[PDB]
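Please read the structure below before turning to the comments.
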Amino acid sequence: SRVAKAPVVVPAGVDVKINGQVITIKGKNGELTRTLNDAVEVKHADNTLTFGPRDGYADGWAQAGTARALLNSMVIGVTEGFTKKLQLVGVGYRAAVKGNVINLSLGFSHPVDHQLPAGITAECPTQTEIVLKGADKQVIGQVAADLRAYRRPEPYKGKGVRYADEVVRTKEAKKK
Amino acid sequence: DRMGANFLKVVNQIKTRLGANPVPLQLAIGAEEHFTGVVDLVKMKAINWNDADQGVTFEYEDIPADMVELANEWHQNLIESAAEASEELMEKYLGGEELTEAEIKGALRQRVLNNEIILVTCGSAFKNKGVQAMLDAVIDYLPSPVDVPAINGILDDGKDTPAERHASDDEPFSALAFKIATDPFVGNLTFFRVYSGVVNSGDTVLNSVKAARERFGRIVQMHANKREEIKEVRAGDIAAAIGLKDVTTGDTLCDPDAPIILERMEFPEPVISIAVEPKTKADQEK
Amino acid sequence: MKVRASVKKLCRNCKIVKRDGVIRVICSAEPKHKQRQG
Amino acid sequence: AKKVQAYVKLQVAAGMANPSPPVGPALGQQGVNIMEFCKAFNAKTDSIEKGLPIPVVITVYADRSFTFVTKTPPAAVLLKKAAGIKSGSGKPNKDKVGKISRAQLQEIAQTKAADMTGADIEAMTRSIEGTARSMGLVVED
RNA sequence: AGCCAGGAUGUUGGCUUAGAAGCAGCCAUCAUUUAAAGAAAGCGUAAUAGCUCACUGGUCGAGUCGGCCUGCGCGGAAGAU
């Protein structure tokens, strides 16, 4: 397949701990482990990692096809990182980072300050731009999408919290 | 006292959209909710306001320590604004003669008769934060009826001789007719303003642009609402030139054998036209 | 999500994936083109 | 010459100084002073009797620059400049009015031969016969 | 199937020209170059600038694609101690 024609090359600076089904990757700034399913046959062969679908679970081409895409992201996420910037377009809406906490100037009668978990070093260059930094590809989206779900992109003004690369489709009033 | 209310943005937005040259004076102290000081920059003094009272204090102090450098970089642009207003302050911006509070306004007041700079002030009307501050600039940056070019009655049709008349009481009388409201007591009313001269009570005030004779009744002043009968109208009051038989937009209110204005500029056009219809047939009679 | 018995691939870029078993059709810019039953 | 940034050939009769609203956007693409494209071409526009759409192309450059290529008017409007009316295509294969022979077509092709490297003489001859049949025009020599 | 990737360019494609300027719609429906391009599919839109389909022109470097017939499966499927 395309995934079978896709092996991943681990570089120096990220150590694997192959206890069979449980792999804990000792990396640069974290520990990106995934306890996969038993539809995989893993082997860090020489340097480039090779994998395999186990018999019986012949649908493990899917279940390890996740894994081939997975561990490639893990060895490049623990070292380099993800810049996940969000664009705050709100009338009187600010963003400021302190410790691991983000403020949410969100047009309410009360402030919303939610604490953010490990795997996050957040920053804020201004009141409308907010950095998020992380090692797992999941955690760099999950903490980002929760903020965006508190104020979705409003398609009559362009109001809302929105991603850096995301482009909304704002409409027009057309009646009054 | 609102979110998104950046003072330095808006005054420096005029230089982009309106294309003007504003140099502001009274700056901002406070993060818009704990806001307590308005930074007057000539005297370099912050003003305390009421805890929540409708108007107790006016307590002036120094520049606070949390804005000791933004007062530094903005005062040096204030004292620029007289070296390029008058040519005489050009050589003491660079020589280093002291630019006091009293010296700089003598140049900038003459920068209001040409109007290249406007004077800006941040504060709250409703939170009683700035209103007591805003009054002292009016006597020093807004012009007086005796400091301006006064009544200038030209002629009639003979020759274009524009004549600056006197702003004192030593002239023929002159006024103008505007804001001519109505009432179910006397009928027609006015909100007129006299520029110079004194009128007594009872006069043959004409309207010399449309050739009509009127007589000057019982003049009444207001608190914008309440009838207070102003008998003797001094030069500069605003009152109600009552009992005008016919009066148009902006004609003169002047005794004969005197200078005369004839001026109506920019007569508008009411555009949207809706047709009113009566309810009863007794209504169309009224 | 409008519901009707017919999922007809209507918009020009209409994805179809079987989430939970019930089909719901995924457009990009048109929210109006998204049905769910059938 | 250039690539995916910008390349559109649109200009109509150069007697009109103000950019016509539909032409506007091809000048409204990469930030021009519209007075510059009015002052570029008028030094040579006084060598013509105006009335035909003359074409130019636009092509762009990095900072605020731009460029343009001058050619001669096309033979498609030269077919309907001599024929009197500017629009004859009402029914292509049902109208038989109006003859011009090949000799007129090549002398409006030498001004193509002295201007451009494509639109060659003998190859365009059937398409200058092809713009005749769609308009409902006849040709004999 | 994606990243580079030109969207080779005669033309204004008429009519009726107010814009119906490939993108409102009826008749033509040729193509100057054909290793890549149609007098044309939508969005941007009064018109177009923006973004593509067109051939994937160069890279990956193997399989892949749209329908016909049947074995079964899912949705359709909401009722009253």
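Each chain in the structure tokens gets a letter, A, B, ..., in the order shown, and its residues are numbered from 1; ligands are numbered from 1 in order too.
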task: Fewer than 2 positions away in the same chain doesn't count, so skip those; otherwise give me all residues within 12 Å of residue E:26, counting only C-alpha atoms (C1' of nucleotides), as a count of residues only.
output: 6
- request: Just the residues within 12 Å of residue D:122, please, counting only C-alpha atoms (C1' of nucleotides), with nothing from its chain fewer than 2 positions along; format it as an MDAnalysis selection string.
  value: (chainID D and resid 102:103 105:106 109:110 112:113 118:120 124:129) or (chainID E and resid 32)
Export C-alpha atoms (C1' of nucleotides) of the chosen residues as a PDB file, in the first residue's frame?
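New file again-v3.pdb:
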```pdb
ATOM      1  CA  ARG D 102      -7.533  37.895 -49.222  1.00  0.00           C
ATOM      2  CA  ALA D 103      -5.485  40.932 -50.315  1.00  0.00           C
ATOM      3  CA  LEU D 105      -6.476  40.309 -45.111  1.00  0.00           C
ATOM      4  CA  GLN D 106      -2.733  40.062 -45.718  1.00  0.00           C
ATOM      5  CA  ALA D 109      -1.506  40.887 -41.495  1.00  0.00           C
ATOM      6  CA  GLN D 110       1.739  42.645 -42.425  1.00  0.00           C
ATOM      7  CA  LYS D 112       0.667  41.798 -37.576  1.00  0.00           C
ATOM      8  CA  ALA D 113       3.884  40.581 -39.216  1.00  0.00           C
ATOM      9  CA  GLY D 118       2.412  34.567 -33.514  1.00  0.00           C
ATOM     10  CA  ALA D 119      -0.757  35.304 -35.485  1.00  0.00           C
ATOM     11  CA  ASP D 120       1.121  34.463 -38.671  1.00  0.00           C
ATOM     12  CA  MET D 124      -4.706  33.143 -39.593  1.00  0.00           C
ATOM     13  CA  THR D 125      -6.062  33.306 -43.174  1.00  0.00           C
ATOM     14  CA  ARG D 126      -8.625  30.587 -42.520  1.00  0.00           C
ATOM     15  CA  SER D 127      -9.497  32.139 -39.139  1.00  0.00           C
ATOM     16  CA  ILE D 128      -9.916  35.511 -40.794  1.00  0.00           C
ATOM     17  CA  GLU D 129     -12.082  33.384 -43.053  1.00  0.00           C
TER      18      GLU D 129
ATOM     19  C1'   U E  32      -2.865  31.600 -34.823  1.00  0.00           C
TER      20        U E  32
END
```
- prompt: Counting only C-alpha atoms, which residues of chain A come no farther than 12 Å from chain C, as a VMD selection string?
  reply: chain A and resid 155 167 to 171
message: Residues of chain E within 10 Å of chain C, counting only C-alpha atoms (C1' of nucleotides), what are they? List them as a PyMOL selection string.
response: chain E and resi 42+74-76
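Residues in contact with residue A:29 at 10 Å, where only C-alpha atoms (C1' of nucleotides) are counted and same-chain residues fewer than 5 positions away are skipped, are listed as residues 14, 77, 78, 79, 80, 81, 119, 134 and 135 of chain A.
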message: Please report the interatomic distance between atom CA of residue B:89 and atom CA of residue B:103 in Å with one decimal.
response: 9.7 Å
Once you count only C-alpha atoms (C1' of nucleotides), which residues of chain E turn out to be within 10 Å of chain D? Could you give them as a PDB file with N, CA, C and O atoms (P, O5', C5', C4', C3', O3' and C1' of nucleotides), in the first residue's frame?
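Okay, this is what ended up in part_13.pdb:
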```
ATOM      1  P     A E   5       5.857  27.648  -8.386  1.00  0.00           P
ATOM      2  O5'   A E   5       4.971  26.713  -9.339  1.00  0.00           O
ATOM      3  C5'   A E   5       5.580  25.865 -10.349  1.00  0.00           C
ATOM      4  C4'   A E   5       4.550  25.402 -11.370  1.00  0.00           C
ATOM      5  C3'   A E   5       3.467  26.393 -11.761  1.00  0.00           C
ATOM      6  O3'   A E   5       3.930  27.414 -12.638  1.00  0.00           O
ATOM      7  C1'   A E   5       2.488  24.269 -11.453  1.00  0.00           C
ATOM      8  P     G E   6       3.855  28.953 -12.162  1.00  0.00           P
ATOM      9  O5'   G E   6       3.931  29.788 -13.522  1.00  0.00           O
ATOM     10  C5'   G E   6       2.735  30.227 -14.210  1.00  0.00           C
ATOM     11  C4'   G E   6       2.648  29.564 -15.567  1.00  0.00           C
ATOM     12  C3'   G E   6       1.346  29.822 -16.317  1.00  0.00           C
ATOM     13  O3'   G E   6       1.387  31.050 -17.059  1.00  0.00           O
ATOM     14  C1'   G E   6       1.769  27.497 -16.259  1.00  0.00           C
ATOM     15  P     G E   7       0.149  32.089 -16.968  1.00  0.00           P
ATOM     16  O5'   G E   7      -1.035  31.210 -16.353  1.00  0.00           O
ATOM     17  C5'   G E   7      -2.381  31.270 -16.883  1.00  0.00           C
ATOM     18  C4'   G E   7      -2.840  29.883 -17.293  1.00  0.00           C
ATOM     19  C3'   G E   7      -4.324  29.745 -17.625  1.00  0.00           C
ATOM     20  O3'   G E   7      -4.488  28.778 -18.670  1.00  0.00           O
ATOM     21  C1'   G E   7      -3.786  28.343 -15.784  1.00  0.00           C
ATOM     22  P     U E   9       1.412  33.126 -21.370  1.00  0.00           P
ATOM     23  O5'   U E   9       0.767  33.431 -22.806  1.00  0.00           O
ATOM     24  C5'   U E   9      -0.349  34.354 -22.969  1.00  0.00           C
ATOM     25  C4'   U E   9      -0.822  34.362 -24.412  1.00  0.00           C
ATOM     26  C3'   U E   9      -1.822  35.459 -24.806  1.00  0.00           C
ATOM     27  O3'   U E   9      -1.540  35.859 -26.153  1.00  0.00           O
ATOM     28  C1'   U E   9      -2.764  33.360 -25.291  1.00  0.00           C
ATOM     29  P     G E  10      -2.128  37.246 -26.729  1.00  0.00           P
ATOM     30  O5'   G E  10      -3.055  36.786 -27.948  1.00  0.00           O
ATOM     31  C5'   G E  10      -4.317  37.443 -28.223  1.00  0.00           C
ATOM     32  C4'   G E  10      -4.714  37.246 -29.675  1.00  0.00           C
ATOM     33  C3'   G E  10      -6.059  37.847 -30.065  1.00  0.00           C
ATOM     34  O3'   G E  10      -5.931  39.247 -30.324  1.00  0.00           O
ATOM     35  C1'   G E  10      -5.916  35.639 -30.913  1.00  0.00           C
ATOM     36  P     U E  11      -6.597  40.316 -29.310  1.00  0.00           P
ATOM     37  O5'   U E  11      -8.164  40.215 -29.619  1.00  0.00           O
ATOM     38  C5'   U E  11      -9.099  41.142 -29.023  1.00  0.00           C
ATOM     39  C4'   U E  11      -9.975  40.438 -28.002  1.00  0.00           C
ATOM     40  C3'   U E  11      -9.300  39.391 -27.111  1.00  0.00           C
ATOM     41  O3'   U E  11      -9.821  39.499 -25.788  1.00  0.00           O
ATOM     42  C1'   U E  11     -11.144  38.418 -28.233  1.00  0.00           C
ATOM     43  P     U E  12      -9.109  40.476 -24.719  1.00  0.00           P
ATOM     44  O5'   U E  12     -10.183  41.636 -24.473  1.00  0.00           O
ATOM     45  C5'   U E  12     -10.728  42.398 -25.576  1.00  0.00           C
ATOM     46  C4'   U E  12     -12.188  42.734 -25.320  1.00  0.00           C
ATOM     47  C3'   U E  12     -13.144  41.546 -25.238  1.00  0.00           C
ATOM     48  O3'   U E  12     -13.148  40.915 -23.951  1.00  0.00           O
ATOM     49  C1'   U E  12     -14.071  43.205 -26.654  1.00  0.00           C
ATOM     50  P     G E  13     -13.382  39.319 -23.836  1.00  0.00           P
ATOM     51  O5'   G E  13     -14.660  39.053 -24.770  1.00  0.00           O
ATOM     52  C5'   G E  13     -14.825  37.807 -25.513  1.00  0.00           C
ATOM     53  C4'   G E  13     -15.461  38.071 -26.875  1.00  0.00           C
ATOM     54  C3'   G E  13     -16.912  38.546 -26.894  1.00  0.00           C
ATOM     55  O3'   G E  13     -17.061  39.952 -26.649  1.00  0.00           O
ATOM     56  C1'   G E  13     -16.657  36.811 -28.481  1.00  0.00           C
ATOM     57  P     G E  14     -18.392  40.501 -25.911  1.00  0.00           P
ATOM     58  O5'   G E  14     -19.577  40.111 -26.904  1.00  0.00           O
ATOM     59  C5'   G E  14     -20.393  41.113 -27.541  1.00  0.00           C
ATOM     60  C4'   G E  14     -20.365  40.916 -29.037  1.00  0.00           C
ATOM     61  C3'   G E  14     -21.425  41.665 -29.831  1.00  0.00           C
ATOM     62  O3'   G E  14     -21.105  43.053 -30.024  1.00  0.00           O
ATOM     63  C1'   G E  14     -21.221  39.435 -30.647  1.00  0.00           C
ATOM     64  P     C E  15     -22.293  44.151 -30.058  1.00  0.00           P
ATOM     65  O5'   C E  15     -23.390  43.463 -30.997  1.00  0.00           O
ATOM     66  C5'   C E  15     -24.805  43.644 -30.781  1.00  0.00           C
ATOM     67  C4'   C E  15     -25.589  42.577 -31.523  1.00  0.00           C
ATOM     68  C3'   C E  15     -27.090  42.557 -31.267  1.00  0.00           C
ATOM     69  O3'   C E  15     -27.799  42.149 -32.444  1.00  0.00           O
ATOM     70  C1'   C E  15     -26.096  40.573 -30.381  1.00  0.00           C
ATOM     71  P     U E  17     -27.732  49.149 -29.667  1.00  0.00           P
ATOM     72  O5'   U E  17     -26.838  48.719 -28.410  1.00  0.00           O
ATOM     73  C5'   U E  17     -25.625  47.921 -28.577  1.00  0.00           C
ATOM     74  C4'   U E  17     -25.148  47.386 -27.233  1.00  0.00           C
ATOM     75  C3'   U E  17     -24.674  48.419 -26.209  1.00  0.00           C
ATOM     76  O3'   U E  17     -25.760  49.035 -25.493  1.00  0.00           O
ATOM     77  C1'   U E  17     -23.126  46.626 -26.299  1.00  0.00           C
ATOM     78  P     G E  19     -21.159  50.350 -21.041  1.00  0.00           P
ATOM     79  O5'   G E  19     -21.101  49.005 -20.175  1.00  0.00           O
ATOM     80  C5'   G E  19     -21.568  47.743 -20.716  1.00  0.00           C
ATOM     81  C4'   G E  19     -21.252  46.597 -19.772  1.00  0.00           C
ATOM     82  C3'   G E  19     -21.764  45.243 -20.249  1.00  0.00           C
ATOM     83  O3'   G E  19     -20.873  44.626 -21.186  1.00  0.00           O
ATOM     84  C1'   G E  19     -22.413  45.558 -17.993  1.00  0.00           C
ATOM     85  P     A E  21     -21.795  39.050 -22.656  1.00  0.00           P
ATOM     86  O5'   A E  21     -20.236  39.088 -22.277  1.00  0.00           O
ATOM     87  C5'   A E  21     -19.562  40.353 -22.013  1.00  0.00           C
ATOM     88  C4'   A E  21     -18.053  40.188 -22.087  1.00  0.00           C
ATOM     89  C3'   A E  21     -17.316  39.743 -20.825  1.00  0.00           C
ATOM     90  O3'   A E  21     -16.205  38.923 -21.212  1.00  0.00           O
ATOM     91  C1'   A E  21     -16.517  41.878 -21.496  1.00  0.00           C
ATOM     92  P     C E  27     -31.448  28.327 -30.081  1.00  0.00           P
ATOM     93  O5'   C E  27     -30.568  29.125 -31.159  1.00  0.00           O
ATOM     94  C5'   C E  27     -29.409  28.507 -31.794  1.00  0.00           C
ATOM     95  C4'   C E  27     -28.788  29.434 -32.831  1.00  0.00           C
ATOM     96  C3'   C E  27     -27.517  28.899 -33.489  1.00  0.00           C
ATOM     97  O3'   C E  27     -27.773  27.959 -34.543  1.00  0.00           O
ATOM     98  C1'   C E  27     -27.155  31.142 -32.834  1.00  0.00           C
ATOM     99  P     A E  28     -26.648  26.867 -34.936  1.00  0.00           P
ATOM    100  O5'   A E  28     -25.416  27.747 -35.450  1.00  0.00           O
ATOM    101  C5'   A E  28     -24.077  27.190 -35.560  1.00  0.00           C
ATOM    102  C4'   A E  28     -23.060  28.306 -35.714  1.00  0.00           C
ATOM    103  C3'   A E  28     -21.583  27.929 -35.621  1.00  0.00           C
ATOM    104  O3'   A E  28     -21.040  27.393 -36.837  1.00  0.00           O
ATOM    105  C1'   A E  28     -21.989  29.860 -34.303  1.00  0.00           C
ATOM    106  P     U E  29     -19.990  26.157 -36.788  1.00  0.00           P
ATOM    107  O5'   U E  29     -19.344  26.210 -35.328  1.00  0.00           O
ATOM    108  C5'   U E  29     -18.347  27.193 -34.960  1.00  0.00           C
ATOM    109  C4'   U E  29     -17.981  27.024 -33.498  1.00  0.00           C
ATOM    110  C3'   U E  29     -17.474  25.635 -33.128  1.00  0.00           C
ATOM    111  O3'   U E  29     -16.069  25.499 -33.380  1.00  0.00           O
ATOM    112  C1'   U E  29     -19.215  26.246 -31.644  1.00  0.00           C
ATOM    113  P     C E  30     -15.531  24.397 -34.440  1.00  0.00           P
ATOM    114  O5'   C E  30     -14.336  25.155 -35.182  1.00  0.00           O
ATOM    115  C5'   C E  30     -14.484  25.653 -36.537  1.00  0.00           C
ATOM    116  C4'   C E  30     -13.431  26.705 -36.845  1.00  0.00           C
ATOM    117  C3'   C E  30     -11.984  26.376 -36.489  1.00  0.00           C
ATOM    118  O3'   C E  30     -11.334  25.487 -37.414  1.00  0.00           O
ATOM    119  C1'   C E  30     -12.467  28.591 -35.814  1.00  0.00           C
ATOM    120  P     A E  31     -10.465  24.246 -36.849  1.00  0.00           P
ATOM    121  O5'   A E  31      -9.833  24.819 -35.494  1.00  0.00           O
ATOM    122  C5'   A E  31      -8.436  25.201 -35.390  1.00  0.00           C
ATOM    123  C4'   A E  31      -8.306  26.702 -35.187  1.00  0.00           C
ATOM    124  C3'   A E  31      -6.937  27.185 -34.719  1.00  0.00           C
ATOM    125  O3'   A E  31      -5.956  27.265 -35.760  1.00  0.00           O
ATOM    126  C1'   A E  31      -8.624  28.259 -33.444  1.00  0.00           C
ATOM    127  P     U E  32      -4.440  26.794 -35.460  1.00  0.00           P
ATOM    128  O5'   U E  32      -3.542  27.757 -36.362  1.00  0.00           O
ATOM    129  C5'   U E  32      -2.239  28.206 -35.905  1.00  0.00           C
ATOM    130  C4'   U E  32      -2.136  29.714 -36.025  1.00  0.00           C
ATOM    131  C3'   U E  32      -0.919  30.378 -35.386  1.00  0.00           C
ATOM    132  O3'   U E  32       0.279  30.299 -36.167  1.00  0.00           O
ATOM    133  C1'   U E  32      -2.865  31.600 -34.823  1.00  0.00           C
ATOM    134  P     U E  33       1.718  30.542 -35.463  1.00  0.00           P
ATOM    135  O5'   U E  33       1.709  29.585 -34.182  1.00  0.00           O
ATOM    136  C5'   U E  33       1.633  28.144 -34.316  1.00  0.00           C
ATOM    137  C4'   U E  33       2.142  27.470 -33.057  1.00  0.00           C
ATOM    138  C3'   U E  33       1.908  25.964 -32.966  1.00  0.00           C
ATOM    139  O3'   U E  33       2.889  25.196 -33.683  1.00  0.00           O
ATOM    140  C1'   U E  33       1.246  26.985 -30.934  1.00  0.00           C
ATOM    141  P     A E  46     -23.343  42.193  -7.792  1.00  0.00           P
ATOM    142  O5'   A E  46     -23.304  42.740  -9.296  1.00  0.00           O
ATOM    143  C5'   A E  46     -24.489  42.709 -10.135  1.00  0.00           C
ATOM    144  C4'   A E  46     -24.246  43.443 -11.449  1.00  0.00           C
ATOM    145  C3'   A E  46     -23.081  42.970 -12.316  1.00  0.00           C
ATOM    146  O3'   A E  46     -23.415  41.805 -13.093  1.00  0.00           O
ATOM    147  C1'   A E  46     -23.094  45.342 -12.224  1.00  0.00           C
ATOM    148  P     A E  47     -22.340  40.607 -13.264  1.00  0.00           P
ATOM    149  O5'   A E  47     -21.071  41.294 -13.952  1.00  0.00           O
ATOM    150  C5'   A E  47     -21.103  41.724 -15.340  1.00  0.00           C
ATOM    151  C4'   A E  47     -19.782  42.359 -15.734  1.00  0.00           C
ATOM    152  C3'   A E  47     -18.530  41.551 -15.432  1.00  0.00           C
ATOM    153  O3'   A E  47     -18.304  40.545 -16.426  1.00  0.00           O
ATOM    154  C1'   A E  47     -18.204  43.794 -14.738  1.00  0.00           C
ATOM    155  P     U E  48     -17.419  39.238 -16.072  1.00  0.00           P
ATOM    156  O5'   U E  48     -15.917  39.693 -16.388  1.00  0.00           O
ATOM    157  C5'   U E  48     -14.798  39.139 -15.656  1.00  0.00           C
ATOM    158  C4'   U E  48     -13.880  40.253 -15.185  1.00  0.00           C
ATOM    159  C3'   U E  48     -12.885  39.870 -14.092  1.00  0.00           C
ATOM    160  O3'   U E  48     -11.695  39.238 -14.599  1.00  0.00           O
ATOM    161  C1'   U E  48     -14.003  41.864 -13.470  1.00  0.00           C
ATOM    162  P     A E  49     -10.898  38.152 -13.690  1.00  0.00           P
ATOM    163  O5'   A E  49     -10.087  39.029 -12.625  1.00  0.00           O
ATOM    164  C5'   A E  49      -8.912  39.799 -13.006  1.00  0.00           C
ATOM    165  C4'   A E  49      -8.360  40.560 -11.812  1.00  0.00           C
ATOM    166  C3'   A E  49      -7.953  39.727 -10.597  1.00  0.00           C
ATOM    167  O3'   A E  49      -6.631  39.184 -10.739  1.00  0.00           O
ATOM    168  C1'   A E  49      -9.224  41.608  -9.889  1.00  0.00           C
ATOM    169  P     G E  50      -6.355  37.620 -10.433  1.00  0.00           P
ATOM    170  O5'   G E  50      -6.925  37.394  -8.959  1.00  0.00           O
ATOM    171  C5'   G E  50      -6.249  37.902  -7.783  1.00  0.00           C
ATOM    172  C4'   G E  50      -6.931  37.355  -6.548  1.00  0.00           C
ATOM    173  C3'   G E  50      -6.907  35.831  -6.448  1.00  0.00           C
ATOM    174  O3'   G E  50      -5.723  35.342  -5.806  1.00  0.00           O
ATOM    175  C1'   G E  50      -9.142  36.571  -6.275  1.00  0.00           C
TER     176        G E  50
END
```
Find the residues in chain E near chain A: any atom within 12 Å counts, using only C-alpha atoms (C1' of nucleotides). Write them as a PDB file with N, CA, C and O atoms (P, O5', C5', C4', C3', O3' and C1' of nucleotides), in the first residue's frame.
```pdb
ATOM      1  P     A E   1      -7.061  11.849  -9.229  1.00  0.00           P
ATOM      2  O5'   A E   1      -6.345  11.811  -7.800  1.00  0.00           O
ATOM      3  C5'   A E   1      -7.090  11.523  -6.591  1.00  0.00           C
ATOM      4  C4'   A E   1      -6.218  11.730  -5.365  1.00  0.00           C
ATOM      5  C3'   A E   1      -5.582  13.107  -5.197  1.00  0.00           C
ATOM      6  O3'   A E   1      -6.498  14.063  -4.640  1.00  0.00           O
ATOM      7  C1'   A E   1      -3.957  11.431  -4.782  1.00  0.00           C
ATOM      8  P     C E  60      11.546  11.681  -7.747  1.00  0.00           P
ATOM      9  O5'   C E  60      10.440  11.394  -6.629  1.00  0.00           O
ATOM     10  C5'   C E  60      10.072  10.042  -6.268  1.00  0.00           C
ATOM     11  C4'   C E  60       8.680  10.016  -5.671  1.00  0.00           C
ATOM     12  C3'   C E  60       8.073   8.635  -5.453  1.00  0.00           C
ATOM     13  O3'   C E  60       8.536   8.016  -4.246  1.00  0.00           O
ATOM     14  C1'   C E  60       6.450  10.096  -6.391  1.00  0.00           C
ATOM     15  P     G E  61       9.539   6.748  -4.312  1.00  0.00           P
ATOM     16  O5'   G E  61       8.909   5.759  -5.399  1.00  0.00           O
ATOM     17  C5'   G E  61       7.540   5.272  -5.298  1.00  0.00           C
ATOM     18  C4'   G E  61       7.013   4.898  -6.674  1.00  0.00           C
ATOM     19  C3'   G E  61       7.668   3.701  -7.362  1.00  0.00           C
ATOM     20  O3'   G E  61       7.055   2.462  -6.958  1.00  0.00           O
ATOM     21  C1'   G E  61       7.608   5.543  -8.860  1.00  0.00           C
ATOM     22  P     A E  62       7.733   1.045  -7.357  1.00  0.00           P
ATOM     23  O5'   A E  62       6.994  -0.022  -6.417  1.00  0.00           O
ATOM     24  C5'   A E  62       5.850  -0.804  -6.868  1.00  0.00           C
ATOM     25  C4'   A E  62       4.570  -0.008  -6.701  1.00  0.00           C
ATOM     26  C3'   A E  62       3.253  -0.753  -6.921  1.00  0.00           C
ATOM     27  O3'   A E  62       2.827  -1.408  -5.714  1.00  0.00           O
ATOM     28  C1'   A E  62       3.220   1.309  -8.100  1.00  0.00           C
ATOM     29  P     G E  63       2.144  -2.876  -5.777  1.00  0.00           P
ATOM     30  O5'   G E  63       0.958  -2.717  -6.843  1.00  0.00           O
ATOM     31  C5'   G E  63      -0.395  -2.378  -6.437  1.00  0.00           C
ATOM     32  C4'   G E  63      -0.822  -1.084  -7.097  1.00  0.00           C
ATOM     33  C3'   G E  63      -2.302  -0.721  -7.054  1.00  0.00           C
ATOM     34  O3'   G E  63      -2.689  -0.142  -5.798  1.00  0.00           O
ATOM     35  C1'   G E  63      -1.447  -0.351  -9.240  1.00  0.00           C
ATOM     36  P     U E  64      -4.241  -0.151  -5.344  1.00  0.00           P
ATOM     37  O5'   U E  64      -4.960   0.834  -6.376  1.00  0.00           O
ATOM     38  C5'   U E  64      -4.559   2.219  -6.483  1.00  0.00           C
ATOM     39  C4'   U E  64      -5.169   2.861  -7.714  1.00  0.00           C
ATOM     40  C3'   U E  64      -6.683   2.791  -7.840  1.00  0.00           C
ATOM     41  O3'   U E  64      -7.329   3.766  -7.023  1.00  0.00           O
ATOM     42  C1'   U E  64      -5.699   2.263  -9.927  1.00  0.00           C
TER      43        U E  64
END
```
query: Could you work out how far atom CA of residue D:35 lies from atom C1' of residue E:18, giving the answer in Å with one decimal?
result: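 These atoms are spaced 25.4 Å apart.
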message: Should the cut-off be 12 Å, what would the residue list for chain A against chain B look like, counting only C-alpha atoms, as an NGL selection string?
response: :A and (89-94 or 105-107 or 127-128)
Emit the selected residues as a PDB file, in the first residue's frame, including C-alpha atoms.
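Wrote it out as selection-v2.pdb, contents follow:
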```
ATOM      1  CA  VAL A  89     -11.563  39.146  16.658  1.00  0.00           C
ATOM      2  CA  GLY A  90     -13.947  40.455  19.321  1.00  0.00           C
ATOM      3  CA  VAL A  91     -15.085  43.945  20.354  1.00  0.00           C
ATOM      4  CA  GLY A  92     -13.080  44.568  23.492  1.00  0.00           C
ATOM      5  CA  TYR A  93     -11.553  41.100  23.581  1.00  0.00           C
ATOM      6  CA  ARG A  94      -8.089  40.496  24.982  1.00  0.00           C
ATOM      7  CA  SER A 105     -12.280  38.502  27.720  1.00  0.00           C
ATOM      8  CA  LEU A 106     -15.429  36.975  26.233  1.00  0.00           C
ATOM      9  CA  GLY A 107     -18.246  39.494  26.639  1.00  0.00           C
ATOM     10  CA  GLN A 127      -4.473  40.854  23.017  1.00  0.00           C
ATOM     11  CA  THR A 128      -5.637  39.234  19.768  1.00  0.00           C
TER      12      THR A 128
END
```
message: Please extract the residues of stretch 56-199 of chain B with a backbone DSSP assignment of helix (DSSP H, G or I) and present them as a PyMOL selection string.
response: chain B and resi 65-67+70-82+90-95+101-111+138-141
